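Here is run_35.csv, consisting of CSV, N, CA and C atoms:
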chain,number,residue,atom,x,y,z
A,1,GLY,N,0.8,-1.2,0.0
A,1,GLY,CA,0.0,0.0,0.0
A,1,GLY,C,0.9,1.2,0.0
A,2,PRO,N,0.4,2.3,0.6
A,2,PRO,CA,1.2,3.6,0.7
A,2,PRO,C,2.4,3.4,1.5
A,3,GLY,N,3.5,3.9,1.0
A,3,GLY,CA,4.7,3.8,1.8
A,3,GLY,C,5.4,5.2,1.9
A,4,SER,N,6.4,5.4,1.1
A,4,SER,CA,7.1,6.6,1.1
A,4,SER,C,6.5,7.5,0.0
A,5,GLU,N,5.4,8.3,0.4
A,5,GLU,CA,4.7,9.3,-0.4
A,5,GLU,C,3.8,8.7,-1.5
A,6,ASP,N,4.2,7.6,-2.1
A,6,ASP,CA,3.4,7.0,-3.1
A,6,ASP,C,3.1,5.6,-2.6
A,7,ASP,N,2.4,4.8,-3.5
A,7,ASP,CA,2.0,3.5,-3.1
A,7,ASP,C,2.5,2.4,-4.2
A,8,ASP,N,2.3,2.8,-5.4
A,8,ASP,CA,2.5,1.8,-6.5
A,8,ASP,C,2.7,2.5,-7.9
A,9,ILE,N,2.6,3.8,-8.0
A,9,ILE,CA,2.7,4.4,-9.3
A,9,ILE,C,4.1,4.8,-9.5
A,10,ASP,N,4.6,4.7,-10.7
A,10,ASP,CA,5.9,5.1,-11.1
A,10,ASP,C,6.1,6.6,-11.5
A,11,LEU,N,6.7,7.3,-10.6
A,11,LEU,CA,7.0,8.7,-10.9
A,11,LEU,C,8.5,9.0,-10.7
A,12,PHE,N,9.2,7.9,-10.6
A,12,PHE,CA,10.6,8.0,-10.2
A,12,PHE,C,11.5,7.1,-11.0
A,13,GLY,N,12.1,7.7,-12.0
A,13,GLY,CA,13.1,6.9,-12.9
A,13,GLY,C,14.4,6.7,-12.3
A,14,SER,N,14.5,6.9,-11.0
A,14,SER,CA,15.7,6.7,-10.3
A,14,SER,C,15.8,5.3,-9.8
A,15,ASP,N,14.6,4.6,-9.9
A,15,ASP,CA,14.6,3.2,-9.4
A,15,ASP,C,14.4,2.4,-10.7
A,16,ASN,N,15.1,1.4,-10.8
A,16,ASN,CA,15.1,0.5,-12.1
A,16,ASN,C,14.1,-0.6,-12.0
A,17,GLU,N,13.7,-1.0,-10.7
A,17,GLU,CA,12.8,-2.1,-10.4
A,17,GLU,C,13.4,-3.4,-10.8
A,18,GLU,N,13.2,-3.8,-12.2
A,18,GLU,CA,13.6,-5.0,-12.8
A,18,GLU,C,12.6,-6.2,-12.4
A,19,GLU,N,12.4,-7.0,-13.3
A,19,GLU,CA,11.5,-8.2,-13.1
A,19,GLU,C,12.5,-9.4,-13.2
A,20,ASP,N,13.1,-9.7,-12.1
A,20,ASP,CA,14.0,-10.8,-12.0
A,20,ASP,C,13.9,-11.5,-10.7
A,21,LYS,N,14.3,-12.8,-10.6
A,21,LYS,CA,14.2,-13.5,-9.4
A,21,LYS,C,15.1,-12.9,-8.3
A,22,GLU,N,16.3,-12.5,-8.6
A,22,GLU,CA,17.2,-12.0,-7.6
A,22,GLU,C,16.8,-10.6,-7.3
A,23,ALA,N,16.2,-9.9,-8.3
A,23,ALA,CA,15.7,-8.5,-8.1
A,23,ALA,C,14.6,-8.6,-7.1
A,24,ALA,N,13.7,-9.5,-7.2
A,24,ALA,CA,12.5,-9.7,-6.3
A,24,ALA,C,13.0,-9.8,-4.8
A,25,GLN,N,14.0,-10.7,-4.6
A,25,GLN,CA,14.6,-10.9,-3.3
A,25,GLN,C,15.2,-9.6,-2.8
A,26,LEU,N,15.9,-8.9,-3.7
A,26,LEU,CA,16.6,-7.6,-3.3
A,26,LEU,C,15.6,-6.5,-3.1
A,27,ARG,N,14.4,-6.5,-3.7
A,27,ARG,CA,13.3,-5.5,-3.5
A,27,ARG,C,12.9,-5.7,-2.1
A,28,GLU,N,12.6,-6.9,-1.7
A,28,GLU,CA,12.2,-7.2,-0.3
A,28,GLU,C,13.3,-6.9,0.7
A,29,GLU,N,14.5,-7.1,0.3
A,29,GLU,CA,15.7,-6.8,1.1
A,29,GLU,C,15.8,-5.3,1.4
A,30,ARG,N,15.3,-4.5,0.5
A,30,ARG,CA,15.3,-3.0,0.7
A,30,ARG,C,14.4,-2.7,1.8
A,31,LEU,N,13.2,-3.3,1.8
A,31,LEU,CA,12.2,-3.1,2.9
A,31,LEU,C,12.7,-3.6,4.2
A,32,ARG,N,13.4,-4.7,4.2
A,32,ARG,CA,14.0,-5.3,5.5
A,32,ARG,C,14.9,-4.3,6.1
A,33,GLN,N,15.8,-3.7,5.3
A,33,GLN,CA,16.7,-2.7,5.7
A,33,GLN,C,16.1,-1.5,6.2
A,34,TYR,N,15.0,-1.1,5.6
A,34,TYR,CA,14.3,0.1,6.0
A,34,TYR,C,13.5,-0.1,7.3
A,35,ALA,N,13.0,-1.3,7.5
A,35,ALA,CA,12.3,-1.7,8.7
A,35,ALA,C,13.2,-1.9,9.9
A,36,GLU,N,14.4,-2.3,9.6
A,36,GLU,CA,15.4,-2.6,10.6
A,36,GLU,C,16.2,-1.3,11.0
A,37,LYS,N,16.7,-0.6,10.0
A,37,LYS,CA,17.5,0.6,10.3
A,37,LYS,C,16.7,1.8,10.6
A,38,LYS,N,15.5,1.8,10.1
A,38,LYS,CA,14.5,2.9,10.4
A,38,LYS,C,13.3,2.3,11.1
A,39,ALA,N,12.2,3.1,11.2
A,39,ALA,CA,11.0,2.7,11.9
A,39,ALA,C,11.1,2.5,13.4
A,40,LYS,N,12.3,2.7,13.9
A,40,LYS,CA,12.6,2.5,15.3
A,40,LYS,C,12.3,3.8,16.1
A,41,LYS,N,11.1,4.0,16.4
A,41,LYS,CA,10.6,5.2,17.0
A,41,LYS,C,10.8,5.0,18.6
A,42,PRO,N,11.5,6.0,19.2
A,42,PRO,CA,11.6,5.9,20.7
A,42,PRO,C,10.2,6.3,21.4
A,43,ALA,N,9.8,5.4,22.2
A,43,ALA,CA,8.6,5.5,22.9
A,43,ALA,C,8.7,4.6,24.1
A,44,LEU,N,7.5,4.4,24.8
A,44,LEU,CA,7.6,3.4,25.9
A,44,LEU,C,7.6,2.0,25.3
A,45,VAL,N,8.8,1.5,25.0
A,45,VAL,CA,9.0,0.2,24.4
A,45,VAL,C,9.5,-0.7,25.5
A,46,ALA,N,9.1,-1.9,25.5
A,46,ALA,CA,9.4,-2.9,26.5
A,46,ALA,C,10.9,-3.3,26.4
A,47,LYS,N,11.5,-3.5,27.5
A,47,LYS,CA,12.9,-3.8,27.5
A,47,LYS,C,13.2,-5.0,28.5
A,48,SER,N,14.2,-5.7,28.2
A,48,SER,CA,14.7,-6.8,29.1
A,48,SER,C,16.2,-6.6,29.4
A,49,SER,N,16.6,-6.9,30.5
A,49,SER,CA,17.9,-6.8,31.0
A,49,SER,C,18.4,-8.2,31.4
A,50,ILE,N,19.2,-8.8,30.6
A,50,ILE,CA,19.6,-10.1,30.8
A,50,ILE,C,21.0,-10.1,31.2
A,51,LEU,N,21.3,-10.9,32.3
A,51,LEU,CA,22.6,-11.0,32.8
A,51,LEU,C,23.1,-12.4,32.3
A,52,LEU,N,24.1,-12.3,31.4
A,52,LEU,CA,24.7,-13.6,30.9
A,52,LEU,C,26.1,-13.6,31.4
A,53,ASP,N,26.5,-14.8,31.7
A,53,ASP,CA,27.9,-14.9,32.1
A,53,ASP,C,28.6,-15.7,31.0
A,54,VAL,N,29.6,-15.0,30.5
A,54,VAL,CA,30.5,-15.5,29.5
A,54,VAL,C,31.7,-16.2,30.2
A,55,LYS,N,31.7,-17.5,30.1
A,55,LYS,CA,32.7,-18.2,30.8
A,55,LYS,C,33.7,-18.7,29.8
A,56,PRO,N,35.0,-18.4,30.1
A,56,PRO,CA,36.1,-18.7,29.2
A,56,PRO,C,36.5,-20.2,29.3
A,57,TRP,N,37.4,-20.7,28.4
A,57,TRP,CA,37.8,-22.1,28.4
A,57,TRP,C,38.9,-22.3,29.4
A,58,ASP,N,39.9,-21.4,29.4
A,58,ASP,CA,41.0,-21.5,30.3
A,58,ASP,C,41.5,-20.1,30.7
A,59,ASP,N,42.5,-19.9,31.6
A,59,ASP,CA,43.2,-18.6,31.9
A,59,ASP,C,43.8,-18.0,30.7
A,60,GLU,N,44.2,-18.9,29.8
A,60,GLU,CA,44.8,-18.5,28.5
A,60,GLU,C,43.8,-17.7,27.7
A,61,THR,N,42.5,-18.0,27.8
A,61,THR,CA,41.4,-17.3,27.1
A,61,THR,C,41.3,-15.9,27.7
A,62,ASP,N,41.4,-14.9,26.9
A,62,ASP,CA,41.4,-13.6,27.4
A,62,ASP,C,40.0,-13.1,27.7
A,63,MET,N,39.8,-12.6,29.0
A,63,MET,CA,38.5,-12.1,29.5
A,63,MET,C,38.0,-10.9,28.7
A,64,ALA,N,38.9,-10.0,28.3
A,64,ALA,CA,38.6,-8.8,27.6
A,64,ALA,C,38.0,-9.1,26.2
A,65,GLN,N,38.6,-10.0,25.5
A,65,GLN,CA,38.1,-10.4,24.2
A,65,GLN,C,36.8,-11.1,24.3
A,66,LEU,N,36.5,-11.7,25.5
A,66,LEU,CA,35.2,-12.4,25.8
A,66,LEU,C,34.1,-11.3,25.7
A,67,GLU,N,34.4,-10.2,26.3
A,67,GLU,CA,33.6,-9.0,26.4
A,67,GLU,C,33.5,-8.4,25.0
A,68,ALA,N,34.6,-8.3,24.3
A,68,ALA,CA,34.7,-7.8,22.9
A,68,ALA,C,33.8,-8.6,22.0
A,69,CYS,N,33.7,-9.9,22.1
A,69,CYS,CA,32.9,-10.8,21.3
A,69,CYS,C,31.4,-10.4,21.5
A,70,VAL,N,31.0,-10.2,22.7
A,70,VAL,CA,29.6,-9.8,23.0
A,70,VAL,C,29.3,-8.3,22.6
A,71,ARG,N,30.3,-7.5,22.8
A,71,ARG,CA,30.1,-6.1,22.5
A,71,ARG,C,30.2,-5.7,21.0
A,72,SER,N,30.5,-6.7,20.2
A,72,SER,CA,30.5,-6.4,18.7
A,72,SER,C,29.2,-6.9,18.0
A,73,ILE,N,28.2,-7.3,18.8
A,73,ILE,CA,26.9,-7.7,18.3
A,73,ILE,C,26.1,-6.5,17.9
A,74,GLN,N,25.9,-6.2,16.7
A,74,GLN,CA,25.3,-5.0,16.2
A,74,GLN,C,23.8,-5.2,15.8
A,75,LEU,N,22.9,-4.8,16.7
A,75,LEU,CA,21.5,-4.8,16.5
A,75,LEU,C,21.0,-3.5,17.1
A,76,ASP,N,20.1,-2.8,16.4
A,76,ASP,CA,19.5,-1.6,16.9
A,76,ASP,C,18.5,-2.0,18.0
A,77,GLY,N,18.8,-1.5,19.2
A,77,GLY,CA,18.1,-1.8,20.3
A,77,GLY,C,18.8,-2.8,21.2
A,78,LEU,N,20.0,-3.3,20.8
A,78,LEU,CA,20.8,-4.1,21.6
A,78,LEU,C,21.8,-3.2,22.3
A,79,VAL,N,21.6,-3.0,23.5
A,79,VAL,CA,22.4,-2.1,24.4
A,79,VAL,C,23.2,-3.0,25.4
A,80,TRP,N,24.4,-2.5,25.6
A,80,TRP,CA,25.3,-3.2,26.6
A,80,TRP,C,25.3,-2.4,27.8
A,81,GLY,N,25.2,-3.1,28.9
A,81,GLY,CA,25.4,-2.5,30.2
A,81,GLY,C,26.7,-2.9,30.8
A,82,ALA,N,26.8,-2.7,32.1
A,82,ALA,CA,28.0,-2.9,32.8
A,82,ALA,C,28.4,-4.4,32.8
A,83,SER,N,29.7,-4.7,32.8
A,83,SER,CA,30.2,-6.0,32.9
A,83,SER,C,31.2,-6.2,34.0
A,84,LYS,N,31.1,-7.3,34.8
A,84,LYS,CA,31.9,-7.5,35.9
A,84,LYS,C,32.5,-8.9,35.8
A,85,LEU,N,33.6,-9.2,36.4
A,85,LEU,CA,34.1,-10.5,36.4
A,85,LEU,C,33.9,-11.1,37.8
A,86,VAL,N,33.3,-12.3,37.8
A,86,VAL,CA,33.0,-13.0,39.0
A,86,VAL,C,33.9,-14.3,39.0
A,87,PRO,N,34.9,-14.4,39.9
A,87,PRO,CA,35.8,-15.5,40.1
A,87,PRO,C,35.0,-16.7,40.7
A,88,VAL,N,35.0,-17.8,40.1
A,88,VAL,CA,34.2,-19.0,40.5
A,88,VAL,C,35.0,-20.2,40.9
A,89,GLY,N,35.8,-20.7,40.0
A,89,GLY,CA,36.6,-21.9,40.3
A,89,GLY,C,38.0,-21.8,40.0
A,90,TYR,N,38.7,-22.9,39.9
A,90,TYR,CA,40.2,-22.8,39.6
A,90,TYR,C,40.5,-22.3,38.2
A,91,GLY,N,41.0,-21.1,38.2
A,91,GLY,CA,41.3,-20.5,36.9
A,91,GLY,C,40.2,-19.9,36.2
A,92,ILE,N,39.0,-20.5,36.2
A,92,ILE,CA,37.9,-20.0,35.5
A,92,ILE,C,37.1,-19.0,36.4
A,93,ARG,N,36.9,-17.9,35.8
A,93,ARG,CA,36.2,-16.8,36.3
A,93,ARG,C,35.2,-16.4,35.2
A,94,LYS,N,34.1,-16.0,35.5
A,94,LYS,CA,33.1,-15.7,34.5
A,94,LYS,C,32.8,-14.2,34.4
A,95,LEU,N,32.6,-13.8,33.2
A,95,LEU,CA,32.3,-12.4,32.9
A,95,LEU,C,30.8,-12.2,32.8
A,96,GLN,N,30.3,-11.4,33.7
A,96,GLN,CA,28.9,-11.2,33.7
A,96,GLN,C,28.6,-9.9,32.9
A,97,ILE,N,27.9,-10.1,31.8
A,97,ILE,CA,27.6,-8.9,31.0
A,97,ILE,C,26.1,-8.7,31.0
A,98,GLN,N,25.7,-7.5,31.3
A,98,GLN,CA,24.4,-7.1,31.3
A,98,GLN,C,24.0,-6.6,29.9
A,99,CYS,N,22.9,-7.1,29.3
A,99,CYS,CA,22.5,-6.6,28.1
A,99,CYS,C,21.1,-6.1,28.2
A,100,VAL,N,20.8,-5.0,27.6
A,100,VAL,CA,19.6,-4.4,27.6
A,100,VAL,C,19.0,-4.5,26.1
A,101,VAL,N,17.9,-5.2,26.0
A,101,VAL,CA,17.3,-5.3,24.7
A,101,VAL,C,16.0,-4.6,24.6
A,102,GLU,N,15.8,-4.0,23.5
A,102,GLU,CA,14.6,-3.3,23.2
A,102,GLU,C,13.7,-4.4,22.6
A,103,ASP,N,12.8,-4.9,23.4
A,103,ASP,CA,11.9,-6.1,23.0
A,103,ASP,C,11.2,-6.1,21.7
A,104,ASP,N,10.8,-4.9,21.3
A,104,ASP,CA,10.0,-4.7,20.1
A,104,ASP,C,10.8,-4.8,18.8
A,105,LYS,N,12.1,-4.9,19.0
A,105,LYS,CA,13.1,-5.1,17.9
A,105,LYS,C,14.0,-6.3,18.1
A,106,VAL,N,14.6,-6.3,19.2
A,106,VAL,CA,15.6,-7.3,19.5
A,106,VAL,C,15.1,-8.3,20.6
A,107,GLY,N,15.0,-9.5,20.2
A,107,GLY,CA,14.7,-10.6,21.1
A,107,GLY,C,16.0,-11.1,21.6
A,108,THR,N,15.9,-12.0,22.6
A,108,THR,CA,17.1,-12.6,23.2
A,108,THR,C,17.8,-13.5,22.2
A,109,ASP,N,17.0,-13.9,21.1
A,109,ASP,CA,17.5,-14.8,20.0
A,109,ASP,C,18.8,-14.4,19.5
A,110,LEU,N,18.9,-13.1,19.2
A,110,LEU,CA,20.1,-12.5,18.6
A,110,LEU,C,21.3,-12.6,19.5
A,111,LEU,N,21.1,-12.4,20.8
A,111,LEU,CA,22.2,-12.5,21.7
A,111,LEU,C,22.6,-14.0,22.0
A,112,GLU,N,21.6,-14.8,22.2
A,112,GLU,CA,21.7,-16.2,22.5
A,112,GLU,C,22.4,-17.0,21.3
A,113,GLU,N,22.0,-16.7,20.1
A,113,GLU,CA,22.5,-17.3,18.9
A,113,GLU,C,24.0,-16.8,18.7
A,114,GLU,N,24.2,-15.5,18.8
A,114,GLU,CA,25.6,-15.0,18.5
A,114,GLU,C,26.6,-15.4,19.5
A,115,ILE,N,26.2,-15.3,20.8
A,115,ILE,CA,27.2,-15.7,21.9
A,115,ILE,C,27.6,-17.2,21.9
A,116,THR,N,26.6,-18.0,21.4
A,116,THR,CA,26.9,-19.4,21.3
A,116,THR,C,27.8,-19.7,20.1
A,117,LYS,N,27.8,-18.8,19.1
A,117,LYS,CA,28.8,-18.9,18.0
A,117,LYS,C,30.1,-18.4,18.5
A,118,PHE,N,30.1,-17.5,19.5
A,118,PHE,CA,31.3,-17.0,20.1
A,118,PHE,C,32.0,-18.0,21.0
A,119,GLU,N,31.3,-19.2,21.2
A,119,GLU,CA,31.8,-20.3,22.0
A,119,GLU,C,33.2,-20.9,21.4
A,120,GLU,N,33.6,-20.4,20.3
A,120,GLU,CA,35.0,-20.7,19.8
A,120,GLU,C,36.0,-20.1,20.8
A,121,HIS,N,35.6,-19.1,21.6
A,121,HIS,CA,36.4,-18.5,22.7
A,121,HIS,C,35.7,-18.7,24.1
A,122,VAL,N,34.4,-18.8,24.0
A,122,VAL,CA,33.6,-19.0,25.2
A,122,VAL,C,33.4,-20.5,25.5
A,123,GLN,N,33.5,-20.9,26.7
A,123,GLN,CA,33.4,-22.3,27.0
A,123,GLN,C,31.9,-22.7,27.0
A,124,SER,N,31.1,-21.9,27.6
A,124,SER,CA,29.7,-22.1,27.7
A,124,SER,C,29.1,-20.8,28.1
A,125,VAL,N,27.9,-20.5,27.7
A,125,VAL,CA,27.2,-19.3,28.0
A,125,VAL,C,26.2,-19.6,29.1
A,126,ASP,N,26.3,-19.1,30.2
A,126,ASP,CA,25.4,-19.4,31.3
A,126,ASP,C,24.5,-18.2,31.5
A,127,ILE,N,23.3,-18.4,32.0
A,127,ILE,CA,22.4,-17.3,32.3
A,127,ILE,C,22.5,-17.1,33.8
A,128,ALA,N,22.8,-15.9,34.2
A,128,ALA,CA,22.9,-15.5,35.6
A,128,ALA,C,21.6,-15.2,36.1
A,129,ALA,N,20.8,-14.3,35.4
A,129,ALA,CA,19.5,-13.9,35.8
A,129,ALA,C,18.8,-13.1,34.6
A,130,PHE,N,17.5,-13.1,34.7
A,130,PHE,CA,16.8,-12.3,33.7
A,130,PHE,C,16.0,-11.2,34.5
A,131,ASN,N,16.0,-10.0,34.0
A,131,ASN,CA,15.3,-8.9,34.7
A,131,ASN,C,14.6,-8.1,33.6
A,132,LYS,N,13.4,-7.6,34.0
A,132,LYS,CA,12.7,-6.7,33.1
A,132,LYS,C,12.9,-5.3,33.5
A,133,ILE,N,13.0,-4.4,32.5
A,133,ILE,CA,13.1,-3.0,32.8
A,133,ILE,C,12.1,-2.2,32.1

Mind turning this structure into structure tokens?
Amino acid sequence: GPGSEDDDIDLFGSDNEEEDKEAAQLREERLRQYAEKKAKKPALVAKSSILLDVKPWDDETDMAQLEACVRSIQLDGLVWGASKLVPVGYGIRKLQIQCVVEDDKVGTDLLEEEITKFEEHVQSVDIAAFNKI
């Protein structure tokens, strides 16, 4: 229907459109990018604050790069809070990272999926606690 000023009529020769299989996918990809990078209006949006603990494999595993792995997750509405190290066992100390997610954009999916891929440096990803804000 109506989107950006028009709805379906061609008044703009700046867009080539094209009727192609890959083009169709790319047309939709344009909307995905607009919905993701834009449409994010600040309002009373629900948020979750999840405390995950990033546990390293060994002392040799660097704690700062553990934090770096989590802090490089780029999603609009994925906010990082304070992180602290909690010493637990022999050698292994866990990094507790607070993440604040804007629920109407970013689900925990993004953080859960990404940090479990980061398990190349992280031994296991444990959940410390879940809080709503």

- Task: Take CA of residue 61 (chain A) and atom C of residue 75 (chain A) and report the distance between them in Å, one decimal.
- Result: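 Computing it gives 26.6 Å between the two atoms.
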
- Mind the document's chain letters and residue numbers, and return as a ChimeraX atom specification the residues of chain A that DSSP labels helix (DSSP H, G or I). /A:21-37,63-71,108-120

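Every protein, DNA or RNA residue with an atom at most 7 Å from region 101-112 of chain A, where only N, CA and C atoms count and chain neighbours fewer than 2 positions away do not, is listed here: residues 45, 46, 47, 48, 49, 50, 76, 77, 78, 79, 99, 114, 115, 116 and 117 of chain A.
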
Got time to write the residues from that selection, N, CA and C atoms, as an mmCIF file, in the frame of the given file?
data_model
loop_
_atom_site.group_PDB
_atom_site.id
_atom_site.type_symbol
_atom_site.label_atom_id
_atom_site.label_comp_id
_atom_site.auth_asym_id
_atom_site.auth_seq_id
_atom_site.Cartn_x
_atom_site.Cartn_y
_atom_site.Cartn_z
ATOM 1 N N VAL A 45 8.800 1.500 25.000
ATOM 2 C CA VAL A 45 9.000 0.200 24.400
ATOM 3 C C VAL A 45 9.500 -0.700 25.500
ATOM 4 N N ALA A 46 9.100 -1.900 25.500
ATOM 5 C CA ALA A 46 9.400 -2.900 26.500
ATOM 6 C C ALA A 46 10.900 -3.300 26.400
ATOM 7 N N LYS A 47 11.500 -3.500 27.500
ATOM 8 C CA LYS A 47 12.900 -3.800 27.500
ATOM 9 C C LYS A 47 13.200 -5.000 28.500
ATOM 10 N N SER A 48 14.200 -5.700 28.200
ATOM 11 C CA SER A 48 14.700 -6.800 29.100
ATOM 12 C C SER A 48 16.200 -6.600 29.400
ATOM 13 N N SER A 49 16.600 -6.900 30.500
ATOM 14 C CA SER A 49 17.900 -6.800 31.000
ATOM 15 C C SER A 49 18.400 -8.200 31.400
ATOM 16 N N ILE A 50 19.200 -8.800 30.600
ATOM 17 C CA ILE A 50 19.600 -10.100 30.800
ATOM 18 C C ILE A 50 21.000 -10.100 31.200
ATOM 19 N N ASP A 76 20.100 -2.800 16.400
ATOM 20 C CA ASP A 76 19.500 -1.600 16.900
ATOM 21 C C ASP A 76 18.500 -2.000 18.000
ATOM 22 N N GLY A 77 18.800 -1.500 19.200
ATOM 23 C CA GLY A 77 18.100 -1.800 20.300
ATOM 24 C C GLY A 77 18.800 -2.800 21.200
ATOM 25 N N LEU A 78 20.000 -3.300 20.800
ATOM 26 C CA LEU A 78 20.800 -4.100 21.600
ATOM 27 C C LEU A 78 21.800 -3.200 22.300
ATOM 28 N N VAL A 79 21.600 -3.000 23.500
ATOM 29 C CA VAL A 79 22.400 -2.100 24.400
ATOM 30 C C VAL A 79 23.200 -3.000 25.400
ATOM 31 N N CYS A 99 22.900 -7.100 29.300
ATOM 32 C CA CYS A 99 22.500 -6.600 28.100
ATOM 33 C C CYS A 99 21.100 -6.100 28.200
ATOM 34 N N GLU A 114 24.200 -15.500 18.800
ATOM 35 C CA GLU A 114 25.600 -15.000 18.500
ATOM 36 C C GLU A 114 26.600 -15.400 19.500
ATOM 37 N N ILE A 115 26.200 -15.300 20.800
ATOM 38 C CA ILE A 115 27.200 -15.700 21.900
ATOM 39 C C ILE A 115 27.600 -17.200 21.900
ATOM 40 N N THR A 116 26.600 -18.000 21.400
ATOM 41 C CA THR A 116 26.900 -19.400 21.300
ATOM 42 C C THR A 116 27.800 -19.700 20.100
ATOM 43 N N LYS A 117 27.800 -18.800 19.100
ATOM 44 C CA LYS A 117 28.800 -18.900 18.000
ATOM 45 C C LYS A 117 30.100 -18.400 18.500
#

- Message: I need the residues of region 30-124 of chain A that end up classed as strand (DSSP E or B) by DSSP on the backbone, written out as a PyMOL selection string.
- Response: chain A and resi 47-56+78-87+93-102+122-124

- One-decimal distance in Å that lies between atom N of residue 94 (chain A) and atom C of residue 126 (chain A):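 Result for atom C of residue 126 (chain A) versus atom N of residue 94 (chain A): 10.6 Å, one decimal.
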
- Message: Given the point (30.8, -10.1, 36.5) in the coordinates of this file, which residues lie within 6 Å, counting only C-alpha atoms, and how would they look as a PyMOL selection string?
- Response: chain A and resi 83-86+95-96

Compute the distance from (21.9, -14.1, 32.9) to each atom, counting all atoms listed in the file, keep the residues with any atom at most 7 Å away, and return them as a short mmCIF file (atom, residue, chain, number, x, y, z; two decimals) with N, CA and C atoms, in the coordinates of the input; use the coordinates of the file.
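Contents of part-v4.cif, as written:
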data_model
loop_
_atom_site.label_atom_id
_atom_site.label_comp_id
_atom_site.auth_asym_id
_atom_site.auth_seq_id
_atom_site.Cartn_x
_atom_site.Cartn_y
_atom_site.Cartn_z
N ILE A 50 19.20 -8.80 30.60
CA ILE A 50 19.60 -10.10 30.80
C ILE A 50 21.00 -10.10 31.20
N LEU A 51 21.30 -10.90 32.30
CA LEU A 51 22.60 -11.00 32.80
C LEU A 51 23.10 -12.40 32.30
N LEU A 52 24.10 -12.30 31.40
CA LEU A 52 24.70 -13.60 30.90
C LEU A 52 26.10 -13.60 31.40
N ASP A 53 26.50 -14.80 31.70
CA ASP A 53 27.90 -14.90 32.10
C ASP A 53 28.60 -15.70 31.00
N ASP A 126 26.30 -19.10 30.20
CA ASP A 126 25.40 -19.40 31.30
C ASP A 126 24.50 -18.20 31.50
N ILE A 127 23.30 -18.40 32.00
CA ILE A 127 22.40 -17.30 32.30
C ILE A 127 22.50 -17.10 33.80
N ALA A 128 22.80 -15.90 34.20
CA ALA A 128 22.90 -15.50 35.60
C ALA A 128 21.60 -15.20 36.10
N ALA A 129 20.80 -14.30 35.40
CA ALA A 129 19.50 -13.90 35.80
C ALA A 129 18.80 -13.10 34.60
N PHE A 130 17.50 -13.10 34.70
CA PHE A 130 16.80 -12.30 33.70
C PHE A 130 16.00 -11.20 34.50
#

- Using only C-alpha atoms, which residues sit within 10 Å of residue 71 (chain A) once same-chain residues fewer than 3 positions away are excluded, as JSON, numbers by chain? {"A": [65, 66, 67, 68, 74, 78, 79, 80, 81, 97, 99]}

- Task: Using only C-alpha atoms, find the one residue out of A:20, A:27, A:8, A:92 that sits nearest to residue 60 (chain A).
- Result: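 Among A:20, A:27, A:8, A:92, it is A:92 that comes nearest to residue 60 (chain A).
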
- Could you check how far atom C of residue 24 (chain A) sits from atom C of residue 38 (chain A), in Å to one decimal?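 Straight-line distance from atom C of residue 24 (chain A) to atom C of residue 38 (chain A) works out to 20.0 Å.
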
- Task: Give the answer as one residue: which of A:93, A:6, A:113, A:1 has the shortest atom-to-atom distance to residue 57 (chain A), using only C-alpha atoms?
- Result: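 Residue with the minimum atom-to-atom distance to residue 57 (chain A): A:93.
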
Student task, region 37-45 of chain A output with N, CA, C and O atoms as a JSON list (two decimals), in the first residue's frame:
[["chain", "number", "residue", "atom", "x", "y", "z"],
["A", 37, "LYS", "N", 16.71, -0.58, 10.00],
["A", 37, "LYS", "CA", 17.51, 0.60, 10.29],
["A", 37, "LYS", "C", 16.66, 1.81, 10.60],
["A", 37, "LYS", "O", 17.10, 2.71, 11.30],
["A", 38, "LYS", "N", 15.45, 1.83, 10.10],
["A", 38, "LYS", "CA", 14.53, 2.90, 10.40],
["A", 38, "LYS", "C", 13.32, 2.30, 11.09],
["A", 38, "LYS", "O", 13.40, 1.15, 11.55],
["A", 39, "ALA", "N", 12.24, 3.08, 11.23],
["A", 39, "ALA", "CA", 10.96, 2.68, 11.87],
["A", 39, "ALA", "C", 11.10, 2.49, 13.40],
["A", 39, "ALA", "O", 10.11, 2.21, 14.09],
["A", 40, "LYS", "N", 12.30, 2.70, 13.91],
["A", 40, "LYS", "CA", 12.61, 2.53, 15.30],
["A", 40, "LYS", "C", 12.33, 3.81, 16.08],
["A", 40, "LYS", "O", 13.21, 4.64, 16.33],
["A", 41, "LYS", "N", 11.09, 4.00, 16.38],
["A", 41, "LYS", "CA", 10.63, 5.19, 17.04],
["A", 41, "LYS", "C", 10.76, 5.03, 18.56],
["A", 41, "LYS", "O", 10.27, 4.04, 19.12],
["A", 42, "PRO", "N", 11.46, 5.96, 19.24],
["A", 42, "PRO", "CA", 11.58, 5.95, 20.70],
["A", 42, "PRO", "C", 10.24, 6.28, 21.36],
["A", 42, "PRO", "O", 9.62, 7.32, 21.07],
["A", 43, "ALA", "N", 9.80, 5.40, 22.21],
["A", 43, "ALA", "CA", 8.55, 5.52, 22.90],
["A", 43, "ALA", "C", 8.66, 4.65, 24.13],
["A", 43, "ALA", "O", 9.77, 4.23, 24.48],
["A", 44, "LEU", "N", 7.55, 4.37, 24.79],
["A", 44, "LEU", "CA", 7.55, 3.41, 25.88],
["A", 44, "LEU", "C", 7.59, 2.01, 25.28],
["A", 44, "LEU", "O", 6.56, 1.42, 24.98],
["A", 45, "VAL", "N", 8.79, 1.54, 25.03],
["A", 45, "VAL", "CA", 9.01, 0.24, 24.45],
["A", 45, "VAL", "C", 9.51, -0.69, 25.54],
["A", 45, "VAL", "O", 10.25, -0.26, 26.46]]
